[PDB]
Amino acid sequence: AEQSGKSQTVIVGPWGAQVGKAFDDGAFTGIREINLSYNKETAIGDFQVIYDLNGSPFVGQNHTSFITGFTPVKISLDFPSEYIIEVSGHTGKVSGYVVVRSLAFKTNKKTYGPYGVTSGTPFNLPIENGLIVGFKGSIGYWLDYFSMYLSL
């Protein structure tokens, strides 16, 4: 715009450890599906997103835990009629690491979750105007932290 040839986006977060393998999907035009895994005794594990990109699906990279034992869930949204209006969860320590222990996704149609352990410090991000269009974060044994790209 004035420095780089790369577009910018509002980003909120991170929630979780304040600094696993870092990831950054970047920003897209919407969200079609979220694939995550969790363990009821620990925290969030795997995280993957199928985005919308100008009216067609774009399959995000799978960001995988270093360990197994998680329960997978597929959140398939009725895109574009259905979209996320609130993301909430919990952070807290597992084996001495601050991690994202639970996630819940509220859309204009229903609530998905919570997934994981609803113990620790709550966080929540309601969106009154705008859309979540991207995720970044880090995953080791568990999801360490994450941030969200927001746009109009």
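One rule holds for the numbers: they count along the sequence shown, beginning at 1.
Counting the deposited residues that fall between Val19 and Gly20 and carry no coordinates gives a value of 4 to 9.
The question of which stretch, 113-121 or 79-87, has the higher mean Cα B factor is settled in favour of 113-121. Taking the mean C-alpha B-factor of each stretch as recorded, 10-18 and 132-140 are not equal, and the higher mean is that of 10-18. When the C-alpha B-factors of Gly26, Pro126, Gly60, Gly45 are read from the PDB record, the largest value belongs to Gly45.
In the PDB entry, the Cα temperature factor peaks, among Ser37, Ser102, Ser56, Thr107, at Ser56. When the CA B factors of the chain's modelled residues are split into thirds, the value for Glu33 lands in the middle one.
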